[PDB]
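For reference, start20.txt is printed below; it contains compact mmCIF, N, CA and C atoms.
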# COMPACT_ATOMS: atom_id res chain seq x y z
N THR C 70 3.38 32.61 13.64
CA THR C 70 3.22 33.19 15.00
C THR C 70 2.78 34.65 14.93
N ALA C 71 3.59 35.48 14.28
CA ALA C 71 3.28 36.89 14.14
C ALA C 71 2.83 37.22 12.72
N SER C 72 1.59 36.88 12.40
CA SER C 72 1.04 37.14 11.07
C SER C 72 1.84 36.40 10.00
N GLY C 73 1.19 36.12 8.87
CA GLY C 73 1.85 35.42 7.79
C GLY C 73 0.87 34.75 6.85
N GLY C 74 1.32 33.69 6.19
CA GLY C 74 0.46 32.97 5.27
C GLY C 74 -0.03 31.65 5.83
N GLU C 75 -0.97 31.02 5.13
CA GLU C 75 -1.53 29.75 5.57
C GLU C 75 -1.24 28.65 4.55
N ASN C 76 -1.44 28.97 3.28
CA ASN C 76 -1.21 28.01 2.20
C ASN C 76 -1.42 28.66 0.84
N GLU C 77 -2.46 29.49 0.74
CA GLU C 77 -2.78 30.17 -0.51
C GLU C 77 -1.61 31.04 -0.96
N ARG C 78 -0.83 30.53 -1.91
CA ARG C 78 0.32 31.27 -2.43
C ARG C 78 -0.13 32.35 -3.40
N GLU C 79 -0.75 31.94 -4.49
CA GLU C 79 -1.24 32.87 -5.50
C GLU C 79 -2.15 32.16 -6.49
N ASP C 80 -2.79 31.09 -6.02
CA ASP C 80 -3.70 30.32 -6.86
C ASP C 80 -4.33 29.17 -6.07
N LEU C 81 -3.49 28.39 -5.40
CA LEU C 81 -3.96 27.26 -4.60
C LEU C 81 -4.92 27.73 -3.51
N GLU C 82 -5.78 26.82 -3.06
CA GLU C 82 -6.75 27.13 -2.02
C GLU C 82 -7.24 25.86 -1.34
N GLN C 83 -7.67 24.89 -2.14
CA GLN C 83 -8.16 23.63 -1.61
C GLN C 83 -7.10 22.54 -1.71
N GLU C 84 -7.14 21.60 -0.77
CA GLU C 84 -6.17 20.50 -0.75
C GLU C 84 -6.53 19.44 -1.79
N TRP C 85 -5.85 18.30 -1.72
CA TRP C 85 -6.09 17.21 -2.65
C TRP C 85 -7.53 16.73 -2.56
N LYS C 86 -8.19 16.61 -3.71
CA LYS C 86 -9.56 16.16 -3.76
C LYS C 86 -9.64 14.67 -3.41
N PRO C 87 -10.18 14.33 -2.23
CA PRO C 87 -10.29 12.93 -1.80
C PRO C 87 -11.34 12.16 -2.60
N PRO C 88 -11.00 10.93 -3.05
CA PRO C 88 -11.92 10.10 -3.81
C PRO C 88 -13.03 9.53 -2.93
N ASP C 89 -13.71 8.50 -3.43
CA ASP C 89 -14.77 7.87 -2.68
C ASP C 89 -14.29 6.55 -2.10
N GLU C 90 -14.77 6.22 -0.92
CA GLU C 90 -14.40 4.99 -0.26
C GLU C 90 -14.60 3.78 -1.17
N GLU C 91 -15.42 3.95 -2.21
CA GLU C 91 -15.68 2.88 -3.16
C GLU C 91 -14.37 2.33 -3.71
N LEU C 92 -13.51 3.25 -4.13
CA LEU C 92 -12.22 2.88 -4.68
C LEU C 92 -11.20 2.59 -3.58
N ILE C 93 -11.37 3.23 -2.42
CA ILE C 93 -10.47 3.02 -1.30
C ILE C 93 -10.68 1.65 -0.68
N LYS C 94 -11.94 1.23 -0.60
CA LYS C 94 -12.28 -0.07 -0.03
C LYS C 94 -11.82 -1.19 -0.95
N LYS C 95 -11.85 -0.93 -2.26
CA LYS C 95 -11.42 -1.91 -3.24
C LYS C 95 -9.91 -2.13 -3.13
N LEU C 96 -9.17 -1.03 -3.10
CA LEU C 96 -7.72 -1.08 -2.97
C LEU C 96 -7.32 -1.88 -1.74
N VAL C 97 -7.76 -1.40 -0.58
CA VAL C 97 -7.46 -2.04 0.68
C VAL C 97 -7.85 -3.52 0.67
N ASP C 98 -8.87 -3.85 -0.12
CA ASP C 98 -9.33 -5.23 -0.22
C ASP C 98 -8.25 -6.12 -0.81
N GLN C 99 -7.44 -5.54 -1.70
CA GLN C 99 -6.36 -6.28 -2.34
C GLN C 99 -5.26 -6.60 -1.33
N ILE C 100 -4.99 -5.66 -0.44
CA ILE C 100 -3.96 -5.84 0.58
C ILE C 100 -4.32 -6.99 1.50
N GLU C 101 -5.42 -6.83 2.21
CA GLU C 101 -5.89 -7.87 3.13
C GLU C 101 -5.90 -9.22 2.43
N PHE C 102 -5.98 -9.19 1.11
CA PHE C 102 -5.97 -10.40 0.30
C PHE C 102 -4.53 -10.83 0.04
N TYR C 103 -3.71 -9.85 -0.30
CA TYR C 103 -2.30 -10.07 -0.60
C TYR C 103 -1.60 -10.77 0.57
N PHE C 104 -1.70 -10.16 1.74
CA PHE C 104 -1.06 -10.69 2.94
C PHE C 104 -1.74 -11.95 3.47
N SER C 105 -2.77 -12.44 2.79
CA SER C 105 -3.43 -13.66 3.23
C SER C 105 -2.43 -14.81 3.26
N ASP C 106 -2.35 -15.50 4.40
CA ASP C 106 -1.41 -16.62 4.57
C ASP C 106 -1.31 -17.47 3.30
N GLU C 107 -2.43 -18.07 2.92
CA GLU C 107 -2.50 -18.91 1.73
C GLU C 107 -2.12 -18.13 0.48
N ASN C 108 -2.19 -16.81 0.58
CA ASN C 108 -1.86 -15.94 -0.54
C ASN C 108 -0.39 -15.56 -0.52
N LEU C 109 0.22 -15.62 0.67
CA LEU C 109 1.61 -15.31 0.82
C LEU C 109 2.43 -16.22 -0.05
N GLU C 110 2.17 -17.51 0.08
CA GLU C 110 2.85 -18.48 -0.71
C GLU C 110 2.74 -18.11 -2.19
N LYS C 111 1.71 -17.32 -2.49
CA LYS C 111 1.43 -16.87 -3.85
C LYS C 111 1.51 -15.35 -3.96
N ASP C 112 2.18 -14.71 -3.01
CA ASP C 112 2.28 -13.26 -3.01
C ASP C 112 3.69 -12.77 -2.73
N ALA C 113 4.64 -13.38 -3.40
CA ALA C 113 6.04 -13.01 -3.25
C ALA C 113 6.34 -11.70 -3.99
N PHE C 114 5.35 -11.20 -4.74
CA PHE C 114 5.50 -9.96 -5.49
C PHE C 114 5.45 -8.74 -4.56
N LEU C 115 4.65 -8.83 -3.51
CA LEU C 115 4.52 -7.74 -2.56
C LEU C 115 5.63 -7.80 -1.52
N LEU C 116 5.78 -8.97 -0.90
CA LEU C 116 6.80 -9.16 0.14
C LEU C 116 8.18 -9.51 -0.44
N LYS C 117 8.27 -10.66 -1.09
CA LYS C 117 9.53 -11.14 -1.66
C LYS C 117 10.14 -10.16 -2.67
N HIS C 118 9.33 -9.28 -3.23
CA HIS C 118 9.84 -8.32 -4.21
C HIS C 118 10.41 -7.07 -3.55
N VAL C 119 9.58 -6.37 -2.79
CA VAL C 119 10.01 -5.15 -2.12
C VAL C 119 11.35 -5.34 -1.40
N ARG C 120 11.47 -6.43 -0.66
CA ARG C 120 12.70 -6.73 0.07
C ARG C 120 12.59 -8.04 0.84
N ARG C 121 13.70 -8.46 1.44
CA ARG C 121 13.73 -9.70 2.21
C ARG C 121 14.68 -9.58 3.39
N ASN C 122 14.21 -8.92 4.45
CA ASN C 122 15.02 -8.74 5.65
C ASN C 122 14.47 -9.55 6.82
N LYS C 123 13.31 -9.13 7.33
CA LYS C 123 12.68 -9.82 8.45
C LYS C 123 11.33 -9.19 8.79
N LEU C 124 11.30 -7.86 8.79
CA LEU C 124 10.07 -7.14 9.10
C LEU C 124 9.09 -7.21 7.94
N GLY C 125 9.62 -7.32 6.73
CA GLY C 125 8.77 -7.40 5.55
C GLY C 125 8.03 -6.10 5.29
N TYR C 126 8.73 -5.12 4.72
CA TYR C 126 8.12 -3.83 4.42
C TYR C 126 7.77 -3.72 2.94
N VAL C 127 6.54 -3.30 2.66
CA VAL C 127 6.08 -3.16 1.29
C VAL C 127 5.86 -1.70 0.91
N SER C 128 6.50 -1.26 -0.17
CA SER C 128 6.36 0.11 -0.64
C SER C 128 5.06 0.29 -1.41
N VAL C 129 4.23 1.23 -0.96
CA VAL C 129 2.95 1.49 -1.62
C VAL C 129 3.15 1.86 -3.09
N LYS C 130 4.26 2.54 -3.37
CA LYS C 130 4.57 2.95 -4.74
C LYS C 130 4.57 1.76 -5.68
N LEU C 131 4.87 0.58 -5.14
CA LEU C 131 4.90 -0.64 -5.93
C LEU C 131 3.48 -1.17 -6.14
N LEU C 132 2.68 -1.14 -5.09
CA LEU C 132 1.30 -1.62 -5.16
C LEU C 132 0.53 -0.91 -6.26
N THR C 133 0.90 0.34 -6.53
CA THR C 133 0.25 1.13 -7.57
C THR C 133 0.54 0.56 -8.94
N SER C 134 1.77 0.12 -9.13
CA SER C 134 2.20 -0.46 -10.40
C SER C 134 2.02 -1.98 -10.39
N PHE C 135 1.20 -2.47 -9.47
CA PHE C 135 0.94 -3.90 -9.35
C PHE C 135 -0.19 -4.32 -10.29
N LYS C 136 0.17 -5.12 -11.30
CA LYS C 136 -0.79 -5.60 -12.30
C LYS C 136 -2.17 -5.91 -11.71
N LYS C 137 -2.21 -6.34 -10.45
CA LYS C 137 -3.47 -6.67 -9.81
C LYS C 137 -4.17 -5.41 -9.29
N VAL C 138 -3.38 -4.48 -8.78
CA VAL C 138 -3.91 -3.24 -8.25
C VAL C 138 -4.11 -2.20 -9.35
N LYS C 139 -3.13 -2.09 -10.24
CA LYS C 139 -3.22 -1.13 -11.33
C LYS C 139 -4.43 -1.38 -12.21
N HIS C 140 -5.00 -2.58 -12.12
CA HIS C 140 -6.17 -2.92 -12.91
C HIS C 140 -7.38 -2.12 -12.43
N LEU C 141 -7.20 -1.35 -11.35
CA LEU C 141 -8.27 -0.55 -10.79
C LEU C 141 -8.45 0.75 -11.57
N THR C 142 -7.50 1.67 -11.42
CA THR C 142 -7.57 2.95 -12.11
C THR C 142 -6.18 3.56 -12.26
N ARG C 143 -6.05 4.52 -13.17
CA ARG C 143 -4.77 5.19 -13.40
C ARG C 143 -4.44 6.12 -12.25
N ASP C 144 -5.42 6.36 -11.38
CA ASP C 144 -5.23 7.24 -10.23
C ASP C 144 -4.36 6.56 -9.17
N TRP C 145 -3.11 6.29 -9.53
CA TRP C 145 -2.17 5.65 -8.63
C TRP C 145 -1.87 6.54 -7.43
N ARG C 146 -2.17 7.83 -7.55
CA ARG C 146 -1.95 8.76 -6.46
C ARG C 146 -2.96 8.52 -5.34
N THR C 147 -4.24 8.73 -5.65
CA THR C 147 -5.30 8.52 -4.67
C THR C 147 -5.24 7.09 -4.16
N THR C 148 -4.62 6.23 -4.96
CA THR C 148 -4.46 4.85 -4.58
C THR C 148 -3.64 4.77 -3.29
N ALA C 149 -2.71 5.72 -3.14
CA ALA C 149 -1.86 5.78 -1.97
C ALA C 149 -2.64 6.30 -0.76
N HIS C 150 -3.19 7.51 -0.89
CA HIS C 150 -3.97 8.10 0.19
C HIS C 150 -5.08 7.15 0.61
N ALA C 151 -5.66 6.47 -0.37
CA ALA C 151 -6.72 5.51 -0.10
C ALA C 151 -6.28 4.55 1.00
N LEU C 152 -5.08 4.00 0.83
CA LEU C 152 -4.52 3.08 1.81
C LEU C 152 -4.27 3.80 3.12
N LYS C 153 -3.94 5.07 3.01
CA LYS C 153 -3.70 5.91 4.18
C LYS C 153 -4.88 5.77 5.16
N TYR C 154 -6.05 5.43 4.61
CA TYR C 154 -7.26 5.25 5.41
C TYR C 154 -7.46 3.78 5.78
N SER C 155 -6.43 2.97 5.53
CA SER C 155 -6.47 1.55 5.83
C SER C 155 -5.58 1.25 7.02
N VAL C 156 -6.20 1.12 8.18
CA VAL C 156 -5.46 0.86 9.40
C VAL C 156 -5.48 -0.63 9.77
N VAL C 157 -6.05 -1.45 8.88
CA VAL C 157 -6.10 -2.89 9.12
C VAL C 157 -4.70 -3.49 9.03
N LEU C 158 -3.92 -2.98 8.08
CA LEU C 158 -2.55 -3.44 7.89
C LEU C 158 -1.59 -2.40 8.46
N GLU C 159 -0.31 -2.72 8.52
CA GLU C 159 0.67 -1.78 9.03
C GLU C 159 1.33 -1.06 7.86
N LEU C 160 1.03 0.23 7.73
CA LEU C 160 1.57 1.04 6.65
C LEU C 160 2.78 1.84 7.13
N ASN C 161 3.71 2.18 6.22
CA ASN C 161 4.83 3.01 6.64
C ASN C 161 4.24 4.33 7.04
N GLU C 162 4.95 5.05 7.93
CA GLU C 162 4.55 6.33 8.53
C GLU C 162 3.76 7.27 7.65
N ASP C 163 4.26 7.57 6.47
CA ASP C 163 3.53 8.45 5.57
C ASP C 163 2.55 7.60 4.80
N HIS C 164 2.13 6.51 5.47
CA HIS C 164 1.26 5.52 4.89
C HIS C 164 1.67 5.26 3.47
N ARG C 165 2.98 5.38 3.27
CA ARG C 165 3.59 5.14 2.01
C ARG C 165 3.95 3.69 1.89
N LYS C 166 3.90 2.94 3.01
CA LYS C 166 4.24 1.52 2.88
C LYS C 166 3.20 0.63 3.52
N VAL C 167 3.43 -0.68 3.45
CA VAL C 167 2.51 -1.64 4.02
C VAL C 167 3.24 -2.90 4.44
N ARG C 168 3.67 -2.88 5.69
CA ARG C 168 4.39 -4.01 6.27
C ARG C 168 3.48 -4.81 7.19
N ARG C 169 3.93 -6.00 7.57
CA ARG C 169 3.15 -6.86 8.46
C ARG C 169 3.75 -6.91 9.85
N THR C 170 2.92 -7.22 10.84
CA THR C 170 3.36 -7.30 12.22
C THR C 170 3.27 -8.73 12.75
N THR C 171 2.59 -9.60 12.01
CA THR C 171 2.43 -10.99 12.41
C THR C 171 2.11 -11.88 11.21
N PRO C 172 3.09 -12.07 10.30
CA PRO C 172 2.90 -12.90 9.11
C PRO C 172 2.97 -14.39 9.42
N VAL C 173 2.16 -15.17 8.70
CA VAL C 173 2.12 -16.61 8.89
C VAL C 173 2.92 -17.31 7.79
N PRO C 174 3.52 -18.48 8.11
CA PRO C 174 4.32 -19.24 7.15
C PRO C 174 3.55 -19.57 5.88
N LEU C 175 4.20 -19.39 4.74
CA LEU C 175 3.61 -19.65 3.45
C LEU C 175 4.24 -20.88 2.81
N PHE C 176 5.55 -20.97 2.94
CA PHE C 176 6.31 -22.07 2.39
C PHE C 176 7.47 -22.40 3.32
N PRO C 177 7.34 -23.48 4.08
CA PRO C 177 8.36 -23.93 5.03
C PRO C 177 9.56 -24.58 4.35
N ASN C 178 9.35 -25.05 3.12
CA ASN C 178 10.41 -25.71 2.37
C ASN C 178 11.04 -24.76 1.36
N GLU C 179 10.26 -23.79 0.91
CA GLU C 179 10.74 -22.82 -0.06
C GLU C 179 11.53 -21.70 0.61
N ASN C 180 11.31 -21.53 1.90
CA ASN C 180 11.99 -20.50 2.67
C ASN C 180 12.64 -21.08 3.91
N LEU C 181 13.94 -20.82 4.08
CA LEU C 181 14.68 -21.32 5.23
C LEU C 181 15.59 -20.23 5.80
N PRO C 182 15.01 -19.30 6.58
CA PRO C 182 15.77 -18.20 7.19
C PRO C 182 16.78 -18.70 8.22
N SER C 183 17.91 -18.00 8.31
CA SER C 183 18.96 -18.37 9.25
C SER C 183 19.49 -19.78 8.96
Can the structure from this file be put into structure tokens for me?
Amino acid sequence: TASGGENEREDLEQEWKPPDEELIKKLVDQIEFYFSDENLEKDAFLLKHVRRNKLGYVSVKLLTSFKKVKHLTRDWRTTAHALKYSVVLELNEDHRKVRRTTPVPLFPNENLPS
């Protein structure tokens, strides 16, 4: 309010260097694939792993260490922000997660809630 600093402490100046949509589109491509109905039955690693409540919340931190996603690049960091630009799915507030708002049944016999 009354004079002060902005961010430059004593070295920093520029923010995080954003990657190219090339890698961001690839990452997000895995998600839209992961949550695929027919893939759900085969994607218990994202949903069934993170947790099993009802809303189905997926931690992005896990997607980074996901043998399928990690096969992309060691840049597990930008891998997060990359998703931050993915509004197709429902991500946790700091776009740190990736939950669903309308999941379809994958296994009616393998899963019996309530």
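Nearest-residue note for residue 92 in chain C: choosing from C:183, C:142, C:76, C:108, the minimum distance belongs to C:142, counting only C-alpha atoms.
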| query | Can you list, as JSON, numbers by chain, every protein, DNA or RNA residue that comes within 5 Å of range 160-169 of chain C when you count only N, CA and C atoms, leaving out same-chain residues fewer than 3 positions away? | reply | {"C": [125, 126, 127, 128, 129]}
| Which residue, C:158, C:124, C:81, C:115, has the smallest gap to residue 138 in chain C when you use only C-alpha atoms? | C:115
| message | DSSP on the backbone, strand (DSSP E or B) only: what residues of chain C does that give? Format it as an NGL selection string. | response | :C and (128 or 159 or 166 or 168)
| How many Å separate CA of residue 150 in chain C from CA of residue 78 in chain C? | 23.7 Å
Size and centre in Å, one decimal, axis-aligned box, all listed range 138-157 of chain C atoms plus 5 Å per side, as JSON:
{"center_x": -5.2, "center_y": 2.1, "center_z": -1.8, "size_x": 16.6, "size_y": 23.2, "size_z": 33.2}
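Taking CA of residue 87 in chain C as the reference point, CA of residue 151 in chain C is found at 8.4 Å.
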| said: Need to verify the contact set: residue 96 in chain C, 7 Å, only N, CA and C atoms, exclusion of same-chain residues closer than 4 positions in sequence. Can you return it as a VMD selection string? | reply: chain C and resid 91 to 92 100 to 101 138 148 152
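One finds CA of residue 175 in chain C at 5.5 Å from CA of residue 109 in chain C.
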